[PDB]
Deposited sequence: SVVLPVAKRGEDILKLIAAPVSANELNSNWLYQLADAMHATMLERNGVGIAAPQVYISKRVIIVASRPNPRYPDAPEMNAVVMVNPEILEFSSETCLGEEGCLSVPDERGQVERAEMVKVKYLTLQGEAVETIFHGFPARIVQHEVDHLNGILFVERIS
C-alpha cells in the first residue's frame, strides 16, 4: 500500500473536470493499484472519502467510507459515478477536506442522492445514499467537477 501526495487548495489540478475512466481500464491491475493507493492515502489522513484529483489523477474515481462522530462503512470505490437525483430535502452538515486541512465548515447537501457507478471490475451499481454518506458522495463528486467545499458555504 502506497500513501500518495495530496494536492492542496490553490493547486490547479483541484479545479479541473476529471476525465472518465475508459472501458479497457475496467478490471485492470492499473485500476486496482490506483484505488488501493487512494484507499491507503485516505486512511493515512483518517479521511472518510477521497477523489483521484486530490492525488493528481484527473480521472473519475472516488472512495466513500463513512464512520460516525452514521454508518461504519468499508470503503466503496466508485468508477465514473453519476448522481441521477438529488432529494428535495436539504440538511446542513460539518465537512472537512484532505485538500483544505486547516478549515472545517457547515455545507448544505441533499439528504439523499441516487448514484449510479461502476465497480473496479466494471459492474454497474445504483444505490441511494442517505445522511453523512450522501454528504461524502456529493463532496467527492464535487472534487471530480473542480469544486471545493469552501465554495459551497
Write out the missing regions of the deposited sequence in sequence order, one range per stretch.
70-74, 159
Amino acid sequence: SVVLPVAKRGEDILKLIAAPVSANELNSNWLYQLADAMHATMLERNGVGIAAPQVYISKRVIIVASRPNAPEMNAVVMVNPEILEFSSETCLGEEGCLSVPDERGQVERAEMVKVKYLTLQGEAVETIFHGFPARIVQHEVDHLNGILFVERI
From here on, numbers count along this sequence of modelled residues.
Per the entry, higher mean C-alpha B factor between 5-13 and 138-146:
5-13
Using the B-factors recorded in the PDB entry, average over the C-alpha atoms of 33-41 and of 56-64, then report which stretch comes out higher.
33-41
Among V113, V48, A70, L120 - the residue whose C-alpha B-factor is largest in the record:
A70
Sort the modelled residues of this chain by their C-alpha B factor and say whether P20 lands in the lowest, middle or highest third.
lowest
Pull the Cα B-factor of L26 out of the PDB entry and bin it into the chain's lowest, middle or highest third.
lowest
Looking at the C-alpha B-factor of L98, is it in the lowest, middle or highest third of its chain?
middle
Where does the C-alpha B-factor of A124 rank in its chain, lowest, middle or highest third?
lowest
